[PDB]
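Only one structure is covered here, and it is reproduced in the block below.
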Amino acid sequence: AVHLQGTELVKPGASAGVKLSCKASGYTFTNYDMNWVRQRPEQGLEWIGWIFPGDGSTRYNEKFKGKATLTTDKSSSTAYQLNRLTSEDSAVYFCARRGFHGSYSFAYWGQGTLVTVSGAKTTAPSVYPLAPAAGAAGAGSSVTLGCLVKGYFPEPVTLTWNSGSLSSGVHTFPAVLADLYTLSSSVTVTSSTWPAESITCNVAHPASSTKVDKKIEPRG
Amino acid sequence: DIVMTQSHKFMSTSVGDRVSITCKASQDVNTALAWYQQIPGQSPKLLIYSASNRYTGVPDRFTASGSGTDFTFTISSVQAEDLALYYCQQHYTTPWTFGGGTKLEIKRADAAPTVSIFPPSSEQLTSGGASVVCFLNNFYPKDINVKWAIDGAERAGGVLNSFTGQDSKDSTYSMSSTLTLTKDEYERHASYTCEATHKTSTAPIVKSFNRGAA
């Protein structure tokens with residue numbers, strides 16, 4: 001039962017560094033070298049470097065020169081990832097180990113640790129109702145309403161329609177950065193049912209303890 | 001640095017069918033190559049070690065071949081849970097490098113996007129903000145081009161796009177495109193258009209509205 005337990009996600013400021021953790025278990029920690037891999041949405045997976053707990057120290061990837069100076073510690077079988085500068089280092093970092101003795105392929109991986117670099121502070125989201133121009137209800141047999149959530153930090157926010165009773169025809173999209181995470185959701189129902197049968201989006205933001213239930217109404 | 005190239009970011013397949021992902025190492029990495037699979041929000045899973053060896057527990061449907069500069073991952077008969085990302089990785093000489101990955105997706109009937117455009121809400125305008133939102137939902141193939149036009153001229157500054165992966169139920173894709181201006185600039189223009197170019201129609205799908213005009 002080989003297992004690698006990584007650390008919870010952290011939100012460092014665009015300036016300092018953060019030491020990540022990886023608790024190996026189920027095998028003699030010193031018998032295998034630990035590896036670290038980075039994964040960003042646009043650049044894919046990139047190997048960072050390895051470490052020998054038996055002590056052969058390290059060997060880093062050219063690209064992660066001093067921005068990543070690994071370290072470890074026996075008597076606890078945990079490996080650490082320093083992360084120096086940090087600013088464009090926002091991504092998920094993995095802890096990886098190989099399986100057999102003669103293949104550098106990574107058979108064992110940690111669950112990964114998300115790292116977000118931002119100077120923003122906890123901020124409640126503004127929620128904006130999206131209704132078809134001039135109220136009405138479209139021009140077909142179906143009408144689409146929406147909810148725009150922006151200016152919040154940090155992730156995440158939960159969004160439902162009519163307290164969850166409206167789940168079909170819903171499209172809720174991944175939030176995108178921009179100082180204040182912004183996301184949106186659309187709901188599509190039968191034209192004759194709105195505004196006859198009310199529709200409200202419920203947005204909740206754990207970090208700020210805030211919730212907003214914005215009803216969607218015809219507008220001019 | 002050796003460069004692993006996976007020429008296909010996405011590959012259309014079907015359940016019960018055969019599919020082959022290809023990888024091309026910039027150099028002869030001999031047989032030092034591994035294949036990984038990854039599902040959203042999870043870590044990579046080793047599927048193949050040393051070019052063509054199944055790791056333990058990896059089902060017979062998964063196969064890999066090649067040795068030299070060209071390698072190929074193959075799935076005899078695709079199953080629902082195989083519609084994920086597969087990564088190539090050479091471990092011949094450091095630094096270890098991974099391919100860009102290939103996402104397998106379910107092929108289905110072409111479907112035109114339903115496009116909806118929304119003017120800024122009064123509540124946002126009071127805060128000095130003006131976001132125009134455009135939804136493009138339930139379309140297939142994923143290939144789509146969204147353009148914004150303000151008073152006719154195309155606008156690229158201030159556009160933020162978001163999309164969902166292929167739906168696990170209806171195999172379509174959806175997308176949101178938001179044009180965010182300040183109320184100051186928003187009120188200095190009159191015509192706002194969201195234009196979707198998709199293979200399902202010769203003419204791009206267009207949705208618009210005029211400030212203050214119903």
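In the structure tokens, each chain is lettered A, B, ... as it comes, each chain's residues begin at 1, and ligands are numbered from 1 in order of appearance.
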Near chain A, which residues of chain B fall within 9 Å when you count only C-alpha atoms, and what do they look like as a PyMOL selection string?
chain B and resi 32-36+41-50+55+87+89-92+94-101+116-124+131+133+135+137+160-164+174-176+209+212-214
Selection file, N, CA and C atoms, as a compact mmCIF listing (two decimals), in the first residue's frame:
# COMPACT_ATOMS: atom_id res chain seq x y z
N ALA B 32 13.17 4.07 -23.35
CA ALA B 32 12.89 4.75 -22.10
C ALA B 32 11.70 5.69 -22.25
N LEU B 33 10.51 5.12 -22.37
CA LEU B 33 9.32 5.94 -22.53
C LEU B 33 8.13 5.42 -21.73
N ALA B 34 7.37 6.34 -21.15
CA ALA B 34 6.21 5.94 -20.36
C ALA B 34 4.94 6.66 -20.79
N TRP B 35 3.81 6.00 -20.55
CA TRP B 35 2.49 6.55 -20.86
C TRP B 35 1.67 6.68 -19.60
N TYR B 36 1.06 7.85 -19.43
CA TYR B 36 0.22 8.11 -18.27
C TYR B 36 -1.19 8.52 -18.71
N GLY B 41 -8.87 16.80 -12.18
CA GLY B 41 -8.63 16.93 -10.74
C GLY B 41 -7.92 15.78 -10.05
N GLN B 42 -7.27 14.92 -10.82
CA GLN B 42 -6.56 13.79 -10.25
C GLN B 42 -5.12 13.79 -10.76
N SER B 43 -4.27 12.97 -10.15
CA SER B 43 -2.87 12.90 -10.55
C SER B 43 -2.74 11.90 -11.69
N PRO B 44 -1.61 11.95 -12.41
CA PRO B 44 -1.42 11.01 -13.52
C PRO B 44 -1.32 9.57 -13.01
N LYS B 45 -1.72 8.62 -13.86
CA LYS B 45 -1.64 7.20 -13.52
C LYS B 45 -0.73 6.57 -14.56
N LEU B 46 0.27 5.83 -14.10
CA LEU B 46 1.19 5.18 -15.02
C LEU B 46 0.48 4.03 -15.72
N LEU B 47 0.52 4.00 -17.05
CA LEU B 47 -0.13 2.93 -17.78
C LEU B 47 0.90 2.05 -18.48
N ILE B 48 1.95 2.66 -19.01
CA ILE B 48 2.97 1.91 -19.73
C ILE B 48 4.38 2.33 -19.34
N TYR B 49 5.24 1.35 -19.06
CA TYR B 49 6.62 1.66 -18.70
C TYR B 49 7.54 1.00 -19.73
N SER B 50 8.69 1.62 -19.96
CA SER B 50 9.67 1.14 -20.93
C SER B 50 9.10 0.85 -22.32
N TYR B 55 1.74 -1.55 -16.87
CA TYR B 55 2.07 -1.52 -15.47
C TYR B 55 1.06 -2.46 -14.81
N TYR B 87 -0.66 11.16 -21.40
CA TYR B 87 0.62 11.84 -21.54
C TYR B 87 1.80 10.92 -21.87
N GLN B 89 6.02 10.54 -22.01
CA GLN B 89 7.15 11.02 -21.20
C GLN B 89 8.39 10.20 -21.46
N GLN B 90 9.49 10.87 -21.77
CA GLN B 90 10.74 10.15 -22.00
C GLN B 90 11.60 10.23 -20.75
N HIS B 91 12.22 9.12 -20.37
CA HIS B 91 13.10 9.09 -19.21
C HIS B 91 14.41 8.43 -19.61
N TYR B 92 14.93 8.87 -20.76
CA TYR B 92 16.18 8.36 -21.31
C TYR B 92 17.33 9.20 -20.77
N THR B 94 18.08 13.14 -18.71
CA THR B 94 17.48 14.31 -18.07
C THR B 94 17.74 15.54 -18.92
N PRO B 95 16.87 16.55 -18.81
CA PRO B 95 15.69 16.57 -17.94
C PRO B 95 14.52 15.77 -18.52
N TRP B 96 13.76 15.10 -17.66
CA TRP B 96 12.61 14.32 -18.12
C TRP B 96 11.65 15.31 -18.77
N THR B 97 11.08 14.95 -19.92
CA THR B 97 10.14 15.85 -20.58
C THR B 97 8.86 15.09 -20.93
N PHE B 98 7.72 15.76 -20.78
CA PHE B 98 6.43 15.15 -21.06
C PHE B 98 5.86 15.69 -22.37
N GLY B 99 5.04 14.90 -23.04
CA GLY B 99 4.41 15.36 -24.26
C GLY B 99 3.31 16.33 -23.84
N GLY B 100 2.69 17.02 -24.79
CA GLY B 100 1.64 17.97 -24.44
C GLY B 100 0.31 17.34 -24.09
N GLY B 101 0.20 16.03 -24.22
CA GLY B 101 -1.03 15.35 -23.89
C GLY B 101 -2.06 15.28 -25.01
N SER B 116 -26.64 33.09 -26.97
CA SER B 116 -27.44 34.05 -26.23
C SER B 116 -26.52 35.19 -25.79
N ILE B 117 -26.95 36.44 -25.99
CA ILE B 117 -26.14 37.59 -25.59
C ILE B 117 -26.88 38.38 -24.52
N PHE B 118 -26.14 38.92 -23.56
CA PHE B 118 -26.75 39.67 -22.48
C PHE B 118 -26.07 41.01 -22.20
N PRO B 119 -26.86 42.08 -22.21
CA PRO B 119 -26.34 43.42 -21.94
C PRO B 119 -25.97 43.52 -20.47
N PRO B 120 -25.23 44.57 -20.10
CA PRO B 120 -24.83 44.76 -18.70
C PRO B 120 -26.07 44.98 -17.84
N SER B 121 -26.08 44.46 -16.61
CA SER B 121 -27.23 44.67 -15.73
C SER B 121 -27.12 46.07 -15.11
N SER B 122 -28.25 46.62 -14.68
CA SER B 122 -28.28 47.95 -14.07
C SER B 122 -27.46 47.97 -12.80
N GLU B 123 -27.47 46.84 -12.10
CA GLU B 123 -26.72 46.75 -10.86
C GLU B 123 -25.22 46.89 -11.11
N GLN B 124 -24.71 46.29 -12.18
CA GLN B 124 -23.27 46.40 -12.46
C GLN B 124 -22.92 47.80 -12.95
N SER B 131 -20.24 44.50 -18.26
CA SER B 131 -19.89 43.23 -18.87
C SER B 131 -20.99 42.73 -19.81
N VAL B 133 -22.27 39.54 -21.73
CA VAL B 133 -22.05 38.10 -21.71
C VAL B 133 -22.70 37.37 -22.89
N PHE B 135 -23.39 33.40 -24.28
CA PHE B 135 -23.30 31.97 -24.05
C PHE B 135 -23.41 31.25 -25.38
N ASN B 137 -23.89 27.45 -26.17
CA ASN B 137 -24.08 26.14 -25.55
C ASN B 137 -24.49 24.93 -26.37
N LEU B 160 -12.94 37.68 -21.97
CA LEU B 160 -12.55 36.54 -21.14
C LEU B 160 -13.47 35.37 -21.52
N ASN B 161 -12.85 34.26 -21.94
CA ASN B 161 -13.57 33.07 -22.37
C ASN B 161 -13.48 31.90 -21.38
N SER B 162 -14.56 31.14 -21.22
CA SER B 162 -14.50 29.98 -20.35
C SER B 162 -15.32 28.88 -21.00
N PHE B 163 -14.90 27.64 -20.80
CA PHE B 163 -15.65 26.54 -21.39
C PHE B 163 -15.61 25.31 -20.54
N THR B 164 -16.58 24.45 -20.79
CA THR B 164 -16.67 23.20 -20.06
C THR B 164 -16.17 22.08 -20.93
N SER B 174 -19.71 23.49 -24.30
CA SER B 174 -20.37 24.76 -24.08
C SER B 174 -19.31 25.79 -23.76
N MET B 175 -19.67 27.04 -23.93
CA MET B 175 -18.69 28.06 -23.73
C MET B 175 -19.33 29.37 -23.36
N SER B 176 -18.58 30.18 -22.62
CA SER B 176 -19.05 31.49 -22.20
C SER B 176 -18.00 32.49 -22.63
N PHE B 209 -27.37 43.57 -30.00
CA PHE B 209 -28.30 44.43 -29.32
C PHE B 209 -27.73 45.84 -29.38
N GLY B 212 -29.68 50.83 -25.08
CA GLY B 212 -30.93 51.56 -24.97
C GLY B 212 -32.00 51.24 -26.00
N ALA B 213 -31.74 50.27 -26.87
CA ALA B 213 -32.70 49.88 -27.90
C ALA B 213 -33.22 48.48 -27.60
N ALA B 214 -34.54 48.33 -27.54
CA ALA B 214 -35.14 47.04 -27.26
C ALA B 214 -35.16 46.16 -28.51
Show which residues sit within 7 Å of residue 17 (chain A), as a PyMOL selection string. Count only C-alpha atoms, and ignore same-chain residues fewer than 4 positions away.
chain A and resi 82-86
I need the residues from that last selection saved to file as a PDB file, in the first residue's frame (with C-alpha atoms), if you can.
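result22.pdb, written as the output of this step:
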ATOM      1  CA  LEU A  82      10.634  25.004  -1.482  1.00  0.00           C
ATOM      2  CA  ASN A  83       9.263  27.219  -4.293  1.00  0.00           C
ATOM      3  CA  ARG A  84      11.343  30.421  -4.268  1.00  0.00           C
ATOM      4  CA  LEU A  85      10.344  33.520  -6.244  1.00  0.00           C
ATOM      5  CA  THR A  86       6.710  32.607  -6.992  1.00  0.00           C
TER       6      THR A  86
END
Surrounding residues of residue 29 (chain A) excluding itself and chain neighbours under 3 positions, 7 Å, only C-alpha atoms, as a list in words
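Counting only C-alpha atoms, the residues come to residues 24, 32, 53 and 77 of chain A.
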Could you turn the residues from that selection into a file that holds N, CA, C and O atoms, as a PDB file, in the first residue's frame?
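Output file again-v5.pdb is given in full below:
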ATOM      1  N   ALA A  24       5.601  10.204   2.435  1.00  0.00           N
ATOM      2  CA  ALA A  24       5.654   8.865   1.866  1.00  0.00           C
ATOM      3  C   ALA A  24       5.249   7.862   2.940  1.00  0.00           C
ATOM      4  O   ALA A  24       5.452   8.105   4.126  1.00  0.00           O
ATOM      5  N   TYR A  32      14.001   4.890  -2.140  1.00  0.00           N
ATOM      6  CA  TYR A  32      13.657   5.488  -3.419  1.00  0.00           C
ATOM      7  C   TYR A  32      13.802   7.001  -3.398  1.00  0.00           C
ATOM      8  O   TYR A  32      13.586   7.634  -2.374  1.00  0.00           O
ATOM      9  N   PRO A  53      16.613  10.382  -0.289  1.00  0.00           N
ATOM     10  CA  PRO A  53      16.591  10.453   1.175  1.00  0.00           C
ATOM     11  C   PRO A  53      17.766   9.705   1.802  1.00  0.00           C
ATOM     12  O   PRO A  53      18.115   9.934   2.962  1.00  0.00           O
ATOM     13  N   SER A  77       9.826  10.421   6.933  1.00  0.00           N
ATOM     14  CA  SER A  77       9.597  10.044   5.540  1.00  0.00           C
ATOM     15  C   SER A  77       8.774  11.065   4.757  1.00  0.00           C
ATOM     16  O   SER A  77       7.798  10.710   4.097  1.00  0.00           O
TER      17      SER A  77
END
DSSP strand (DSSP E or B) residues within region 49-217 of chain A, listed as an NGL selection string:
:A and (49-52 or 57-60 or 71-73 or 78-81 or 91-97 or 108-109 or 113-115 or 123 or 126-130 or 142-153 or 158-161 or 166 or 170-172 or 176 or 181-190 or 200-205 or 210-215)
Please produce a file of those selected residues containing C-alpha atoms, as a JSON list (two decimals), in the first residue's frame.
[["chain", "number", "residue", "atom", "x", "y", "z"],
["A", 49, "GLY", "CA", 13.83, 17.42, -9.93],
["A", 50, "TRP", "CA", 14.60, 14.45, -7.64],
["A", 51, "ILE", "CA", 15.93, 13.84, -4.13],
["A", 52, "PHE", "CA", 17.61, 10.85, -2.48],
["A", 57, "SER", "CA", 20.89, 15.09, -2.43],
["A", 58, "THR", "CA", 19.46, 16.39, -5.70],
["A", 59, "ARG", "CA", 19.61, 17.18, -9.42],
["A", 60, "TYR", "CA", 17.24, 19.81, -10.79],
["A", 71, "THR", "CA", 14.84, 19.27, 0.36],
["A", 72, "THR", "CA", 13.84, 16.25, 2.47],
["A", 73, "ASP", "CA", 13.89, 14.77, 5.96],
["A", 78, "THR", "CA", 8.49, 13.40, 4.12],
["A", 79, "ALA", "CA", 9.88, 15.32, 1.14],
["A", 80, "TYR", "CA", 9.65, 19.11, 0.69],
["A", 81, "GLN", "CA", 9.29, 21.51, -2.24],
["A", 91, "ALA", "CA", -0.34, 25.62, -10.61],
["A", 92, "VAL", "CA", -0.54, 22.13, -9.20],
["A", 93, "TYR", "CA", 2.62, 20.47, -7.91],
["A", 94, "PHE", "CA", 2.94, 16.69, -7.72],
["A", 95, "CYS", "CA", 5.03, 14.32, -5.64],
["A", 96, "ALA", "CA", 6.22, 11.34, -7.71],
["A", 97, "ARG", "CA", 8.17, 8.12, -7.17],
["A", 108, "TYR", "CA", 3.36, 6.41, -7.58],
["A", 109, "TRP", "CA", 1.98, 9.96, -7.40],
["A", 113, "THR", "CA", -0.96, 20.47, -4.20],
["A", 114, "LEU", "CA", -2.60, 23.53, -5.76],
["A", 115, "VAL", "CA", -0.71, 26.81, -5.42],
["A", 123, "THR", "CA", -13.35, 39.38, -1.32],
["A", 126, "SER", "CA", -20.92, 40.73, -6.81],
["A", 127, "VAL", "CA", -23.69, 38.77, -8.47],
["A", 128, "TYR", "CA", -25.39, 40.13, -11.58],
["A", 129, "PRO", "CA", -28.68, 38.89, -13.09],
["A", 130, "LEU", "CA", -28.64, 38.24, -16.83],
["A", 142, "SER", "CA", -36.91, 28.31, -25.14],
["A", 143, "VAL", "CA", -35.31, 31.19, -23.22],
["A", 144, "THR", "CA", -31.85, 31.41, -21.64],
["A", 145, "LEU", "CA", -31.17, 33.38, -18.45],
["A", 146, "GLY", "CA", -27.85, 33.87, -16.74],
["A", 147, "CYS", "CA", -25.90, 34.81, -13.67],
["A", 148, "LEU", "CA", -22.60, 36.67, -13.68],
["A", 149, "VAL", "CA", -20.31, 36.39, -10.66],
["A", 150, "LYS", "CA", -17.18, 38.55, -10.50],
["A", 151, "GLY", "CA", -14.69, 40.24, -8.23],
["A", 152, "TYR", "CA", -14.26, 37.48, -5.67],
["A", 153, "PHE", "CA", -11.31, 35.76, -4.01],
["A", 158, "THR", "CA", -20.99, 27.39, -5.46],
["A", 159, "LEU", "CA", -23.84, 28.32, -7.77],
["A", 160, "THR", "CA", -27.24, 26.68, -8.13],
["A", 161, "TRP", "CA", -30.58, 27.70, -9.64],
["A", 166, "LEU", "CA", -33.49, 23.79, -11.48],
["A", 170, "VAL", "CA", -27.75, 24.44, -16.78],
["A", 171, "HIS", "CA", -24.19, 25.37, -17.81],
["A", 172, "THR", "CA", -21.87, 26.65, -15.10],
["A", 176, "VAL", "CA", -11.11, 32.61, -14.70],
["A", 181, "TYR", "CA", -12.24, 35.36, -9.97],
["A", 182, "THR", "CA", -15.15, 35.74, -12.37],
["A", 183, "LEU", "CA", -17.56, 33.06, -13.52],
["A", 184, "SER", "CA", -20.99, 32.71, -15.04],
["A", 185, "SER", "CA", -23.84, 30.26, -15.44],
["A", 186, "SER", "CA", -26.69, 29.95, -17.90],
["A", 187, "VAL", "CA", -30.04, 28.19, -17.46],
["A", 188, "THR", "CA", -32.42, 27.39, -20.30],
["A", 189, "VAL", "CA", -36.13, 26.77, -19.78],
["A", 190, "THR", "CA", -39.39, 26.74, -21.74],
["A", 200, "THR", "CA", -33.15, 32.86, -9.00],
["A", 201, "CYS", "CA", -29.41, 31.98, -8.92],
["A", 202, "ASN", "CA", -27.93, 31.16, -5.53],
["A", 203, "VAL", "CA", -24.30, 31.98, -5.19],
["A", 204, "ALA", "CA", -22.34, 31.06, -2.10],
["A", 205, "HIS", "CA", -18.77, 32.07, -1.23],
["A", 210, "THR", "CA", -21.51, 35.39, 1.89],
["A", 211, "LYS", "CA", -24.47, 34.26, -0.16],
["A", 212, "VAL", "CA", -26.48, 36.07, -2.80],
["A", 213, "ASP", "CA", -29.81, 34.93, -4.22],
["A", 214, "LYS", "CA", -30.45, 37.05, -7.26],
["A", 215, "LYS", "CA", -33.84, 36.75, -8.88]]
All residues 12 Å or closer to residue 60 (chain B), only C-alpha atoms, same chain fewer than 2 positions away omitted, as a compact mmCIF listing (two decimals) with C-alpha atoms, in the first residue's frame:
# COMPACT_ATOMS: atom_id res chain seq x y z
CA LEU B 47 -0.13 2.93 -17.78
CA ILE B 48 2.97 1.91 -19.73
CA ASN B 53 5.02 -2.73 -20.89
CA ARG B 54 1.69 -2.59 -19.06
CA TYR B 55 2.07 -1.52 -15.47
CA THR B 56 0.43 -3.71 -12.85
CA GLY B 57 -3.36 -3.54 -12.76
CA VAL B 58 -3.50 -1.90 -16.19
CA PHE B 62 -4.22 -0.73 -23.08
CA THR B 63 -1.21 -1.28 -25.34
CA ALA B 64 1.87 0.66 -26.39
CA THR B 74 -3.42 2.03 -28.30
CA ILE B 75 -6.79 1.06 -26.83
CA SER B 76 -8.26 -2.11 -28.42
CA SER B 77 -11.84 -1.23 -27.44
CA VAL B 78 -12.55 2.17 -25.85
Considering only C-alpha atoms, can you say which of A:139, A:70, A:18, A:1 comes closest to residue 34 (chain A)?
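Ranking A:139, A:70, A:18, A:1 by distance to residue 34 (chain A), first place goes to A:70.
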Based on the backbone DSSP call, show me all residues of region 54-161 of chain B assigned helix (DSSP H, G or I), as a list in words.
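Listing helix (DSSP H, G or I) positions across region 54-161 of chain B yields residues 80, 81, 82, 122, 123, 124, 125 and 126 of chain B.
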Include C-alpha atoms and write out the residues we just selected as a PDB file, in the first residue's frame.
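Output saved as out-v7.pdb:
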ATOM      1  CA  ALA B  80     -16.544   5.121 -21.125  1.00  0.00           C
ATOM      2  CA  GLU B  81     -13.828   5.746 -18.514  1.00  0.00           C
ATOM      3  CA  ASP B  82     -11.072   5.944 -21.152  1.00  0.00           C
ATOM      4  CA  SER B 122     -28.284  47.951 -14.069  1.00  0.00           C
ATOM      5  CA  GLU B 123     -26.724  46.750 -10.860  1.00  0.00           C
ATOM      6  CA  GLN B 124     -23.275  46.396 -12.456  1.00  0.00           C
ATOM      7  CA  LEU B 125     -23.544  49.726 -14.301  1.00  0.00           C
ATOM      8  CA  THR B 126     -24.048  51.480 -10.956  1.00  0.00           C
TER       9      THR B 126
END
What does the distance between CA of residue 12 (chain A) and CA of residue 89 (chain A) come to in Å, to one decimal place?
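Computed distance, CA of residue 12 (chain A) to CA of residue 89 (chain A), equals 10.2 Å.
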